[PDB]
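Fold and contact review
Chain by chain, the residues run as shown.
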Amino acid sequence: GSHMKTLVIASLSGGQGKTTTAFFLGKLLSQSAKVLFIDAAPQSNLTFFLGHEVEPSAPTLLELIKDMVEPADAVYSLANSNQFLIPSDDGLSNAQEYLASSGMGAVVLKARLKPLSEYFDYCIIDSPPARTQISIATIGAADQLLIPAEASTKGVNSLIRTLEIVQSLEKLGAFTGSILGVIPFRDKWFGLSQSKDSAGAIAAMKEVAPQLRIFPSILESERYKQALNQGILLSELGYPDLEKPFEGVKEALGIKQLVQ
Amino acid sequence: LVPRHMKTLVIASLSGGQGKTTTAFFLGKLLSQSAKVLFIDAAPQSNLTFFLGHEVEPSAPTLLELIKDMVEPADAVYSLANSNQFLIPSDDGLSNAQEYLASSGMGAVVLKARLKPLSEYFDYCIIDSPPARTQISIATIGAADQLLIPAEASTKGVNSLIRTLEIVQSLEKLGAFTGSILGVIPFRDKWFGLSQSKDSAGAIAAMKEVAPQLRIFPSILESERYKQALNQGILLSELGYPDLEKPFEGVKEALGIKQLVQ
Ligand SMILES: Nc1ncnc2c1ncn2[C@@H]1O[C@H](COP(=O)(O)OP(=O)(O)OP(=O)(O)O)[C@@H](O)[C@H]1O
Ligand SMILES: Nc1ncnc2c1ncn2[C@@H]1O[C@H](COP(=O)(O)OP(=O)(O)OP(=O)(O)O)[C@@H](O)[C@H]1O
Ligand SMILES: [Mg+2]
Ligand SMILES: [Mg+2]
């Protein structure tokens, strides 16, 4: 009955908030929808944060990409009944050349996930940094692309370079989705006033890509890691305001909040 | 640029946002107070080049052309504002080197080879690596006389240390890495006065468990001052926070004790 929408979190620079976004957005979406998390990063941060351990001979994203197992076999249930995961471990960097060797790497993951379409409402994919076969393949898989970008000059560059890869993949017919928007990351506020550098970076993001939605920022705050470490939502920790970047995305997806 | 025994220090950490560029910046500037320093920005995202105040002009040779042997190494070296600091810059096109290095069959030793002609020009070469296991991050490790691994004081950082060491071991076995590991710099270690955050403490203890043989330098503390000093293009000591510079003073003292003796 489902028509799975694949949301890919991409940003080529390191530490731009990709995994933090995948974790919170995915948990939030799972409140009323069936969500398939995919950890596409060889460093395997999301797999760990979602509380999943990979047993020695257990099929991961690697085995799926290499078509060594059926898609449903690399899918594991999580604590929550609306949450599932295709995990990764450090061996995933081996997919790097499998993808290169195919000559169609950018559409391999896209192809591998199609059979899971009617089992889930959303697929959320956490991408690694750097331009590689894996980060290109996650982008190729996207129905909707989300780019977290640090609210700094580094983040603006990440936005720009990420958009360049999408534009190139679109030309070659691998990217057929749309760009949902940009989430500024580590936007620094001093009480009620925004830091000039953060404000300036976001303003620069809008100049770079005038057509893109800029979502509410992931504010510079230790509360995100606090909630993450406890396995809970920012709202559940008592900081609903910090959750608004993700609520904004959810609203953009046309998802209507539950009401009382 | 005139010749006058260069030691190549490579900053490597496979995970994103581990303090590589921050370390390269502050360490290089600190060392340049008493040595001639060549920065190399080996990251396609080109953060270090920007932070050092360099703009790459339309047709200017950069690290890409050096890696591809299209220019003499000295032709890709640019002077910076400080007369003891120099830079081989990068720009977005540097990703093209991934191809070239792969096709050589010996990428891990290519950068190492390209830099030898500069041996008698500089005292230190400081190379900022990109994240992720790629031909470029492998080639920077191969070029190292001394390797420094900044690693976030978190489970993520511990994993970066673990995986970075795996790449180093592989390259050591194959004869590409012939240097030594100078040590680990914990990054974004959270302290409030004398109270260290439980997660930071736990991660740093795990790093020592992973690599008991390695020197752990003083931490780069979680602090907005680091961002401020970077944005202004100055040292932390110059900003008026010399104590935040302890990690790099620690490295400098470790390199100084390695000074040849009779
Ligand atoms: N002491 C500090 N406290 C908090 N944030 C810091 C500190 N030092 C640097 N940062 C910021 O943390 C982020 C990561 O640092 P940096 O860019 O040096 O990591 P990196 O390993 O070079 O990242 P990449 O993998 O993208 O190359 C940057 O936004 C940087 O400005
Ligand atoms: N709101 C916040 N303020 C400050 N730091 C944060 C915030 N949210 C997350 N962080 C921290 O910033 C760092 C980078 O975040 P994260 O790992 O999500 O980025 P990433 O893009 O997934 O990195 P990588 O490129 O390594 O995959 C992590 O230490 C994370 O815990
Ligand atoms: Mg990540
Ligand atoms: Mg960097």
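Residues numbered from 1 in each chain as written, not as in the entry; some residues may be left out. Chains lettered and ligands numbered in written order. Heavy atoms only, no water. Residues with missing side-chain atoms left out of burial classes, pairs and counts.

As documented in the archive entry, the model was determined using X-ray crystallography at 1.7000 Å resolution.

**Concerning the UniProt feature "binding site: ATP 2 in other subunit" in chain A**
The UniProt entry lists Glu150(A), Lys154(A) and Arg186(A) under the feature "binding site: ATP 2 in other subunit", expressed in the numbering used here. For the residues just named, distributed over 37 residues, the greatest C-alpha separation is only 11.6 Å, placing them together at one site. Residue placement: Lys154(A) occurs in helix α7 (residues 153–171). When sequence neighbours within four positions are dropped, the list of residues in contact with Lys154(A) reads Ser13(A), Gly14(A), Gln16(A), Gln45(B) and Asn47(B). A distance of 3.1 Å separates the side chain of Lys154(A) from the backbone oxygen of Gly14(A), its partner in a polar contact. Locating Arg186(A) in the fold gives a position in strand β7 (residues 178–187). Other than its neighbours up to four places away in sequence, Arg186(A) contacts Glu150(A), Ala151(A), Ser198(A), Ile218(A), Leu219(A), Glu220(A), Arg188(B) and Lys227(B). In terms of polar contacts, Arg186(A) uses its side chain to reach the side chain of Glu150(A), at 3.0 Å. (UniProt positions renumbered as here; feature names shortened; annotations may be inferred. Helix = DSSP H or I, 4+ residues; strand = E, 2+ residues; numbered from the N terminus. Contact = heavy atoms within 4.5 Å. Polar contact = N/O pair within 3.5 Å; in protein donor to acceptor, adjacent residues only side chain to side chain.)

**A look at the interface of chain A and chain B**
Facing the 25 residues of chain A at the interface are 26 residues of chain B. Note on chain A versus chain B: buried area summed over both sides is about 2,100 Å², and carbon and sulfur give 47% of it. Looking at the side of chain A facing chain B, the largest losses of area belong to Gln43(A), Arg161(A) and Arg186(A), adding up to 24% of the total buried there. Counting the contacts that link chain A with chain B gives three salt bridges. At the boundary of chain A and chain B, one finds four residue pairs in polar contact. The greatest single-element share of the side of chain A that touches chain B, amounting to five residues, is contributed by α7(A). Residues belonging to the side of chain A that touches chain B are distributed by class as follows: five nonpolar, ten polar and ten charged. (Buried area = accessible area lost by both parts, 1.4 Å probe. Salt bridge = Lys/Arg side-chain N within 4 Å of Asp/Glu carboxyl O. Nonpolar A, V, L, I, M, F, W, Y, C, P; charged D, E, K, R; others polar.)

**Comments concerning the site of ligand 1**
Neighbouring residues of ligand 1: 22 residues in total, closest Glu150(A), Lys20(B), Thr21(B), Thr22(B) and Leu221(B). Neighbouring residues of ligand 1 are not confined to a single chain but are spread across chains A and B. Here an oxygen atom of ligand 1 sits 2.7 Å away from a polar atom, N or O, in the side chain of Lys20(B). Separating an oxygen atom of ligand 1 from a side-chain N or O atom of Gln45(B) is a distance of 2.9 Å. Look at ligand 1: alone it shows 630 Å² of surface, and the protein chains cover 95% of it. A total of three residues in the shell around ligand 1 trace back to one element, the largest contributor, which is helix α1 (residues 20–31) of chain B. Split by residue class, the shell around ligand 1 holds five nonpolar, ten polar and seven charged. (Near = heavy atom within 4 Å. Areas by Shrake-Rupley, 256 points an atom, 1.4 Å probe, with all protein chains shown as cover.)

**Remarks on the sheet that holds strand β3 (residues 76–77) of chain A**
Residue and element names in this part refer to chain A. Read across the sheet, eight strands follow the order β3-β4-β2-β5-β1-β6-β7-β10 without closing on themselves; strand pairing throughout is mixed. Each of the sheet's edge strands pairs with one partner strand only, and the pair in question is β3 and β10 (218–219). Of the pairings in the sheet, the one linking strand β1 (residues 5–9) to strand β6 (residues 144–150) comprises three bridges and is parallel in character. Residue pairing for β6: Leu 7 is matched across the bridge by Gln 144. Running at roughly 165° to strand β5 (residues 122–126), helix α1 (residues 18–29) makes contact with β1, β2 (35–39), β4 (83–86), β5, β6, β7 and β10 of the sheet. Set on the sheet, helix α11 (residues 244–252) makes contact with β6, β7 and β10; between it and β7 the angle comes to about 170°. (Pairing = 2+ DSSP bridges. Axes fitted to C-alpha atoms, helices over the stretch in contact; angles between N-to-C directions.)

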